[PDB]
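Values quoted throughout were computed directly from the atomic coordinates according to the rules given, and no laboratory measurement underlies them. When we count neighbours, we look across all protein chains shown, and the Cβ atoms used for this are built from the backbone with ideal geometry, even at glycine.
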Ligand SMILES: CO[C@@H]1O[C@H](CO[C@H]2O[C@H](CO[C@H]3O[C@H](CO)[C@@H](O)[C@H](O)[C@@H]3O)[C@@H](O)[C@H](O)[C@@H]2O)[C@@H](O)[C@H](O[C@H]2O[C@H](CO)[C@@H](O)[C@H](O)[C@@H]2O[C@@H]2O[C@H](CO)[C@@H](O)[C@H](O)[C@H]2NC(C)=O)[C@@H]1O
Ligand SMILES: [Zn+2]
């Protein structure tokens, strides 16, 4: 009974795209609630039989890196907050506290002595200290991939289950810069019942508050039935700090932040300090505070009110615990004893609030509206839209994607076996998962941390990449060596990884050359891994020390190969040009690897004395005035030269691409016969305002539409081969490359913004597609959501996250741009797509970072560009809020995010080598993925357990006849299965014991987790 995710438009009370269309966005002065109105209430609403029940929820926002590193904050702040929370909660049984960031809690609790560990477990068990969400971090929701949101959630909740014996079912997300429906998607499939959000556009807060729609059942945009719905509370005011959480008037609420009276170095900007509560003022102070509470309660439907009490790195000093607790206790004693207030107020936790709300709902006091959509792009005031962090620090945004994939591949490759503890597999994988998880923080992948904190994140992720490489190569050596020969040294490097696209050429000269020669080594084994659960072919390239190399498979069948030069681009400070130079001793060999589902395939590279029969050589043409020679050592084809001119290329049966004389795409012809469809790449620059608010790491505040980059007469390099052709051009700040391998082209930009201050570089595509004001962008790599460009909003409000792809279409034609990294983008006119490449900003943007963005470094951004005819596709109706990829665009996204992995055998001879692993793995239908495969038990467990997360996307149906494929039952991928269970996505709760030990496949747009148990 799968739900149809295409043809049924859900009926919801609030659909955010519709709301955006019909809503005004005027920024009017609301009074003391600057972005609201003067709230009025009827005092007679609450009375003896209907009291307002107020939960004051103490909290402390602890960033795992931002202006200090994780460890710096831990030593200077968080270890003291947690130590003093333990003490003060222990000593004050009615006090409560909620905690979100498990990275810090795990760091603290492991350093506690046993007596204090037991004390901590007691205040958790008795409900005083409550974990909210329980992720390793409170992640960004814009740039993060859903796989990594799940990874970090699982890392924190697995720790909490093991050590605290609790699993949160309420989420707390007070700080990400805008909010995504991927979160309720994952949380509802992970046992959650409630979630809270805060950072939404001030106009949205006003609109929803006017309708009492700040609490809603948030379902996915395609979900007609509502089974994805998760109850969500949106906070109504500008901040999560105490001045903006007691009620609408911050001048009043600041007087109830008792850390602000002076000795703590804090004050109230509204110039009225807090006063210590005493018997002689408690009636007056109570009157003021209850009036704020009753105004806040007017914005919600039940008689249960949430009052967060906290701020960043609060509840540190013992004196701060005392000043907040004793003054609130005095207020509660007075309020609760004076019947005319008709209030019962107490410290509470987040789960206590939600339980009481749903008790009111069950009592028939409220029904809640249904909502679908997202909450991007956030603006906290005026025109200050937070679309800059969709691009800031793009090197690390790209690195997140790379590490995402190597964590998946390392956990999958090593899951096939149990490993002795001496192999350190679990240690290395825990490290890798935790450093990637930490980077999902809303100051990590967002690019909003101080320079030295970004360096810490990068160093952590490099150690995680090294850890993944170690696990992967030990696993390949085990999976492909004859078992009676296998003799591992768990510290040795049997293989090294070769990655063509990270850090990427012009980024790092990291790539090892395979050194062959008659007097040293005639041949070398290489192995490709395919983490996807279907057979896959992909071209792979390696560097080799001779152009005379041929490829075989380990049945010694020849494999067709192409050798090309190794070209690198140089900014020549003497000629003031950007031009390529070729190596005269290293060459690139390219061939198609064919790899089993979730498997491995071995090939052999062999040198010979002359051109091998099954190896061809690319031609090379350098277009520039005033050329000079380009010798290439032993490469058998001389480079050709010419003046800049338009050129066209076609690889295989694929599209024909035409290029301008500046080396930029101008048109795509899909078929021999079909038209040249205009598709024009252009690079432009945005600047910064010379008056008013400045762009910085968070905010994008351009000084008008983008201006074209002046290109001069750039040098263009055309490489034409049977298997791979490309056009590369050295533009100012970007070496731009279009690569052809017979299908949709690959685009690579090596982006070096240099010392161009106050500049944002954008890549735009111009077409004739009649898209109007509509375009589609993805959310967290999970779903594509319809966007409408609104001219009532400024340019920066029409920018959205592009975490993995975007497209425009009309009745007949679609252009989809898939990315290998999250960046910001838009469609600012009909027929256009654009995506920001990097941004260098001299000023701070007044959101707390205290610096601009002047730490840029070269980054290789990767893309696929898919032009398609879509007039025969069955698409959603015009009212539906979602869009869906085609098969080719989905495969192109997978080619960027989860390419084949390439391993080079490190020693001269691999004794016992095998040619393949996984040839009998099922090759599953193209829309299904094994997103996670993770062994959950160490080797001493009698019953081994392996967890799998399956995800099925939804691809549009455009008339291509379906292949028979094989069903994938993950529970029988390993032998001796004894039990198969469906679980929450974190693997922490069993939901169903499955018949026959068979894990069913999932429906389109669904994600399920299974755990197989094996006797061992
Ligand atoms: C010191 O200058 C003030 O800085 C404020 C930002 O610092 C405060 O918040 C940070 C937030 O840290 C979290 O959020 C960041 C992203 O911002 C994130 O990266 C972190 O992970 C973390 O989660 C916090 O660390 C720090 O302790 C501090 O609390 C900023 O909000 C202030 O702007 C207000 O005040 C300005 C005058 O001082 C004023 O010009 C601004 O317009 C803005 O005024 C507010 O405007 C709204 C809407 O009109 C009103 O409703 C508010 O009442 C009003 N507030 C005030 C005080 O007037 C400021 O820049
Ligand atoms: Zn934060």
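Quick notes
- Highest-first arrangement of 836-842, 873-879, 458-464, where packing means the average Cβ count within 10 Å: 836-842, 458-464, 873-879
- The long axis of helix 146-164 is offset from the longest Cα principal axis of the chain by roughly 50 degrees.
- Relative contact order %, the chain, counting alpha carbon pairs below 8 Å whose residues are six or more apart: 13 percent
- The stretch between residue 319 and residue 430 holds 36.2 nm of extra length on full extension. This uses 0.36 nm per residue minus the Cα-Cα distance.
- Directionally averaged projected area (convex hull, Cα atoms, segment 611-667), nm²: 5.2 nm²
- Taking all Cα pairs closer than 8 Å and separated by 6 or more residues, the relative contact order of segment 619-898 comes to 17 percent.
- Here the extension length gained between residue 976 and residue 298 equals 238.1 nm, from 0.36 nm per residue of separation less the Cα-Cα distance.
- Label-point separation, residue 37 to residue 71 (7 Å along Cα→Cβ), nm: 5.4 nm
- Distance (nanometres) between label positions extended 7 Å along Cα→Cβ at residue 365 and residue 555: 7.3 nm
- Helix 282-297 vs. the chain, principal-axis angle (Cα, 0 to 90°, nearest 10): 50 degrees
- Between segment 189-221 and segment 548-562, the alpha-carbon center distance in angstrom: 58 Å
- Ellipsoid fit via the Cα gyration tensor, segment 383-493: semi-axes of 35, 12, 10 Å, each the root of five times an eigenvalue, largest first.
- Extension gain, residue 489 to residue 227, is 89.3 nm, computed as 0.36 nm per intervening residue step minus the present C-alpha separation.
- Each residue, residue 770 and residue 281, gets one label point 7 Å from its Cα in the Cβ direction; the gap between the two is 6.9 nm.
- Segment 335-352 and segment 280-334 have Cα centres lying 10 Å from one another.
- Using the Cβ-Cβ distance between residue 608 and residue 942 with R0 = 60 Å, the FRET efficiency computed as 1/(1 + (r/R0)^6) comes to roughly 0.65.
- Sorted from longest to shortest, the spans of the Cα atoms of the chain along the three principal axes equal 99, 66, 55 Å.
- Peptide packing: for 357-367, 820-830, the average count of neighbouring Cβ atoms within 10 Å per residue gives the ranking 820-830, 357-367, highest mean first.
- What the Cβ-Cβ distance of residue 333 and residue 251 gives, at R0 = 25 Å and to the nearest 0.05, is a FRET efficiency of 0.50.
- C-alpha long axis of helix 350-362 to longest principal axis of the chain, angle in °: 70 degrees
- Counting Cα-Cα pairs of segment 147-238 in 10 Å increments starting at 0 gives whole-percent bin shares of 15, 44, 31, 9, 1.
- The order of the peptides 474-485, 392-403 by mean Cβ neighbours within 10 Å, most packed first, is 392-403, 474-485.
- Computed FRET value (nearest 0.05) for residue 592 with residue 571, which takes r as the C-beta separation and R₀ as 35 Å: 0.50
- Grouping the Cα pair distances of segment 470-561 into 10 Å bins from zero gives a pair-distance distribution of 12, 37, 41, 10, 0 percent in increasing distance order.
- Shape category assigned to segment 619-898 from the gyration tensor of Cα positions, a/c cut at 1.5: oblate
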